[PDB]
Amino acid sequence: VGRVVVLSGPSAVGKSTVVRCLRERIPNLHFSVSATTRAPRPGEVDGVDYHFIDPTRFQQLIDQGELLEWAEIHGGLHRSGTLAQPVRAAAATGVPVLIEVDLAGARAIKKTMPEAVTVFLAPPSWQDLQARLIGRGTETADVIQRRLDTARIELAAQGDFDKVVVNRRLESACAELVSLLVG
């Protein structure tokens, strides 16, 4: 049976890098393909980038308990979420599964699939995260303050997760995640 790992963290401690490294390291890793009700962009392939479904069908899936989690995107322009069945089928086939979501999505997945392993990717320090959020300083004081407040709230509840991987260095953080996925 394949492990299911749920990767989350602060909304900007940086995850598309770690995900890329993980997919290169584990040749048959299944990266969960979310359902959405927006339309495809040119270049997007149904079943690969998203599972493109229509608003009516998505509501069916909600009511039948077929989403591990879902949310309204841009205040309800459309919806996106994680489908239970592909994840369960991949795991029963023996293939490891990675789900990458925001913190609210990860909290919801722990309820619908408790055997999933939740991992919070933390920064090596507060000062490290703060420097990245100031960045080049092209954002106003009010926006930066709001991002610093948001990060503190999100960091303060890393205890709800099963595992904390501290992102000190790409190669060791990615190594720790490989151990969880195929160990």
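Residues carry their position along the shown sequence, with the first being 1.
- When the mean C-alpha temperature factors of 14 to 22 and 167 to 175 are read from the deposited coordinates, 14 to 22 comes out higher.
- Sort the modelled residues of the chain by CA B factor and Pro114 lands in the highest third.
- Per the PDB record, residue ranking by Cα B-factor puts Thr138 in the middle third of the chain.
- Annotation for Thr37: C-alpha temperature factor in the lowest third relative to the rest of the modelled chain, per the entry.
- Ranked within its chain, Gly47 lands in the lowest third, by CA B factor from the PDB record.
- Among all modelled residues in this chain, the alpha-carbon of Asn28 has a temperature factor (C-alpha) in the middle third.
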